[PDB]
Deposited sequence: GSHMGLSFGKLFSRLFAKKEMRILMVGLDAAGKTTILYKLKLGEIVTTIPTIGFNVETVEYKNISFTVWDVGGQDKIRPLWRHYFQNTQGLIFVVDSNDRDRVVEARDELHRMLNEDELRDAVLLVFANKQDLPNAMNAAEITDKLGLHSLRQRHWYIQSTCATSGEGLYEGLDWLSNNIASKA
C-alpha cells in the first residue's frame, strides 16, 4: 500500500515529512494507519513530545500545534491535519497552518492538508475547509487538500500519492 508510494523517494538524501495539527485532529491515528514502522515517542525538550516513524530514508515526524526550527532543514513535505467536524477550532487551525507556512526554512516544502473525520455526519466538506483555511490565497506553494477518514484509512492513499509524486518530481 503506502510503502510503494514512498519508495519513489529512494534517491533523496535523508528527509523529513512533518505532520502537524491541533490536538485531536487525528495525527497519531494516521501515523498508525500508514503501517510503515513503529511509532516512537521522544521528548527532546521538556514538555515537547514528538512521535516519529522511520521508513527507509524518510522520517515522519509528528507533533501537536496550538525550537521546532532544527527539524525544518530537511523537511520536504508538510502535512496539516484538521478535524473537519470541529467548527469551533478551525480558526485556530488556520492560524497554526499559516504560522508554519511563515517559516523561511519551510519555503520549498510541499503542503498536503488532510480534512479528516469526513465520516462524521456534520463534518465540513473539503471545499468549506479550503475556504476556511485560506488555501485559495496561497500563490507560490504547491498544496493539495484531501478528505479523509483516518480510522478507516479512506483518502490517505490518494493524498499521499499526490504528496510523494510532488516531492519525487523535484
In sequence order, name the stretches of the deposited sequence that have no C-alpha in these coordinates. 1-6, 73-79, 184
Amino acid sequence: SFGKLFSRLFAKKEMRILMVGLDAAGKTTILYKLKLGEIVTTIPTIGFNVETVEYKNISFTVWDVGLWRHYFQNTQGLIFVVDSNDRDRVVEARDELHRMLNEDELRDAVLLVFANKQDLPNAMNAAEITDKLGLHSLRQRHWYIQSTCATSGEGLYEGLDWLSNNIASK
From here on, numbers count along this sequence of modelled residues.
Averaged over C-alpha atoms, is the B-factor higher for 134-142 or for 110-118 in this PDB entry? 134-142
Please compare 122-130 with 23-31 and name the stretch with the higher mean C-alpha B-factor in the deposited structure. 122-130
Binned into thirds over the chain's modelled residues, the C-alpha B-factor of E14 lands in the highest
Relative to the other modelled residues in the chain, which third contains the C-alpha temperature factor of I43: lowest, middle or highest? lowest
So, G155's CA B-factor, relative to its chain, sits in which third? The middle
When the modelled residues of the chain are sorted by Cα temperature factor, does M100 land in the lowest, middle or highest third? middle
Chain third (lowest, middle, highest) by recorded CA B-factor, residue given as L67: highest
